[PDB]
């Protein structure tokens with residue numbers, strides 16, 4: 002139905018861009034840094050060893 | 348949740364546009380008919 | 348700290364573009380409907 | 348294994364772009380024809 006009050010396709014697309022941005026962020030981070038484990042977030046056990 | 352609210356709440360256009368046009372035509376028809384019915388009793392005067 | 352302040356303070360663009368668009372369309376619709384509703388009372392004069 | 352999952356799960360682009368185009372033009376045609384249909388019944392008012 003043609004409703005102009007709310008547009009629920011732009012909502013989907015907006016909610017969908019974020020999951021791409023996240024991967025972009027991690028990829029750019031790793032390349033410049035020079036290594037893989039930049040925090041304890043990546044995995045806890047490897048950092049300790 | 349926003350999508351479900353929109354379904355319960357919003358208004359569709361084509362429906363109301365059609366209803367509006369339909370309402371206007373009956374207005375004009377009623378006004379014309381009222382004038383026509385109103386001029387009826389003039390004809391009695393001719394009788395005298 | 349700078350990242351945190353940015354999170355609290357700065358403004359997205361997709362949301363605002365969407366809101367601006369949906370605002371303008373309503374404005375145009377409202378003006379047209381206003382003209383339509385103004386033209387309403389003409390019929391009464393024809394009754395006379 | 349990666350190749351096989353890709354074969355199952357991914358989406359192709361030529362097909363979707365073509366579907367999008369063919370869906371938009373139909374929507375425009377439908378809207379114009381609906382307007383044409385709505386404005387049809389005025390001629391009845393002429394006959395009074």
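Residue numbers (full-length UniProt numbering), protein chains in the order written: chain A, 2 to 50; chain B, 348 to 395; chain C, 348 to 395; chain D, 348 to 395.
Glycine included, C-beta positions come from ideal geometry on N, C-alpha and C.
Residue nearest to residue i in terms of C-alpha spacing, selected from the options
i: residue 372 of chain C; options: A/31, A/39 and A/5; result: A/5
i: residue 392 of chain C; options: B/387, B/389 and B/378; result: B/378
i: residue 390 of chain D; options: B/375, B/363, B/361 and B/356; result: B/375
i: residue 382 of chain D; options: B/348, B/362 and B/358; result: B/362
i: residue 368 of chain B; options: C/394, C/395, C/352 and C/380; result: C/380
i: residue 387 of chain C; options: B/388, B/384 and B/370; result: B/370
i: residue 385 of chain B; options: C/360, C/395 and C/385; result: C/395
Sequence-distant residues of the same chain with beta carbon closer than 8 Å to residue i, five excluded per side
i: residue 41 of chain A; result: 48
i: residue 354 of chain B; result: none
i: residue 357 of chain C; result: none
Contact belief for residue i with residue j at Cβ below 8 Å, rounded distance in angstroms
i: residue 9 of chain A; j: residue 350 of chain B; result: 5 Å
i: residue 359 of chain B; j: residue 3 of chain A; result: 6 Å
Beta-carbon proximity list for residue i, same chain, < 6 Å, skipping 5 on both sides
i: residue 24 of chain A; result: none
Neighbour list for residue i in chain F, Cβ cutoff strictly below 8 Å
i: residue 394 of chain C; result: Note that chain F does not occur in the displayed structure, where the protein chains are A, B, C and D.
Any non-hydrogen atom of the ligand HEM closer than 8 Å to residue i Cβ
i: residue 18 of chain A; result: The model on display carries no ligand, and the ligand HEM is accordingly not part of it.
Return the chain-ordered ranges of every alpha helix (DSSP H) run that is complete within the region 367-395 of chain B and spans a minimum of 4 residues. 389-392
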